[PDB]
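Only one structure is covered here, and it is reproduced in the block below.
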Amino acid sequence: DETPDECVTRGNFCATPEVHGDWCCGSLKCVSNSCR
């Protein structure tokens with residue numbers, strides 16, 4: 001790992017969380033369709 005741009009960064013839009021659970025970089029959470 002170094003700089004995975006394959007994950008969605010903080011403040012960016014995330015799709016419905018429960019279906020994938022993973023998507024946002026690091027300790028970011030998919031909530032309100034946004035990673036934080």
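Ordered as shown in the structure tokens, chains take letters A, B, and onward, while each chain numbers its residues from 1 and ligands are numbered from 1 in the order shown.
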Next on the checklist: Need to verify the contact set: stretch 15-22 of chain A, 9 Å, only C-alpha atoms, exclusion of same-chain residues closer than 3 positions in sequence. Can you return it as a count of residues only?
Outcome noted: 8
Checklist entry - Would you give me, as a ChimeraX atom specification, the residues in chain A that DSSP reads as strand (DSSP E)? => result /A:30-31,34-35
Checklist entry - Could you pull the residues within 8 Å of residue A:9, counting only C-alpha atoms, minus those fewer than 6 positions along the same chain, as number ranges by chain? => result A: 24-25, 28, 35
